[PDB]
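Okay, here we've got a single chain as structure tokens, the form deposited without the partner chain, with questions on binding and movement later.
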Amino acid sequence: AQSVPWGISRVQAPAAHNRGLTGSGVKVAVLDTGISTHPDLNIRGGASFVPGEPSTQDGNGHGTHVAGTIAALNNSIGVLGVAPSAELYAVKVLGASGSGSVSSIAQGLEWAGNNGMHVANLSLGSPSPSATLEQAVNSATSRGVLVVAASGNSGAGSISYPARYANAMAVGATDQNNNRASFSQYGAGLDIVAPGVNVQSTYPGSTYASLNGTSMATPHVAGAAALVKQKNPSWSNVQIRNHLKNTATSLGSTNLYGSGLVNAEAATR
């Protein structure tokens, strides 16, 4: 029995699936705690930049969960990703405690750029600016990677790093009423929002779990970006970013919502 998580429907990913767009041939790096083998996931490869964790498997759960929102397989089990044919790469930059260093994150962004990733999902933050982080972001972006990052779960009216840097697409979280989730950070730099409450996805152990956070919102956008790239293979990171905002459903102040709610139907028309 396959279920479709509410968020996947809300961004209207199955309309895009019906048009034949599933993210096929699009390479997506998940910079997180790793990704575990799972019957509803296909991992094409990856790299670890965590000291003394040479494998890319997930000892936390967060990365596996984020990965399934992007690319859970279309079949008779589990859930369904926004872009269920995307090519998933596990880039481990966070440890089991869900924490890492800017050194690790930057090395991951370097690798993504160097290995031709189209999209880099960064469901993570730093509260404090880091030059190393911003140059890493800038670097990946000039190589052609589209960097998507979580705004943060503190509830404040400013957003975390590296989401706050110009070349990273900043994603906040909405609830089932399409309101801003109380924890979702907002303010200057916010680009767009996506479902981030009660998000069911894949979890280590061959199982499924429901989590809340802007970390859960971000992969909806990463997924939607892979659909736009399959339909428009010559488009740049910047064209995709702009088209997602331009086609999003408007929710009110840009301070709070960015351009609004990502809409995969409208972006693949």
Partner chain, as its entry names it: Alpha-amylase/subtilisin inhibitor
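Numbering follows the first chain given and starts at 1.
If you look for the form deposited with the partner chain bound, you will not find it shown, but the lines that follow are about it.
Checking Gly100, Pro84, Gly113, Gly78 against the partner chain in the entry with it bound, a heavy atom within 4.5 Å turns up for just one residue: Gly100.
Taking a 4.5 Å heavy atom cutoff to the partner chain in the entry with it bound, the contact residue among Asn167, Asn74, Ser130, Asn179 is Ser130. Proximity to the partner chain in the entry with it bound, taken as heavy atoms within 4.5 Å, picks out 154 to 162 from the listed stretches 189 to 197, 140 to 148, 84 to 92, 154 to 162.
Mapping the unseen interface onto this chain, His62 counts among the residues with a heavy atom inside 4.5 Å of the partner chain in the entry with it bound.
Residue contact check for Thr174: none of its heavy atoms lie within 4.5 Å of the partner chain in the entry with it bound. By the criterion of a heavy atom within 4.5 Å, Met117 is excluded from the residues contacting the partner chain in the entry with it bound. At a distance threshold of 4.5 angstroms between non-hydrogen atoms, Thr33 is in contact with the partner chain in the entry with it bound. Taken together, the three residues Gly125, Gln185 and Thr214 all lie with some non-hydrogen atom within 4.5 angstroms of the partner chain in the entry with it bound.
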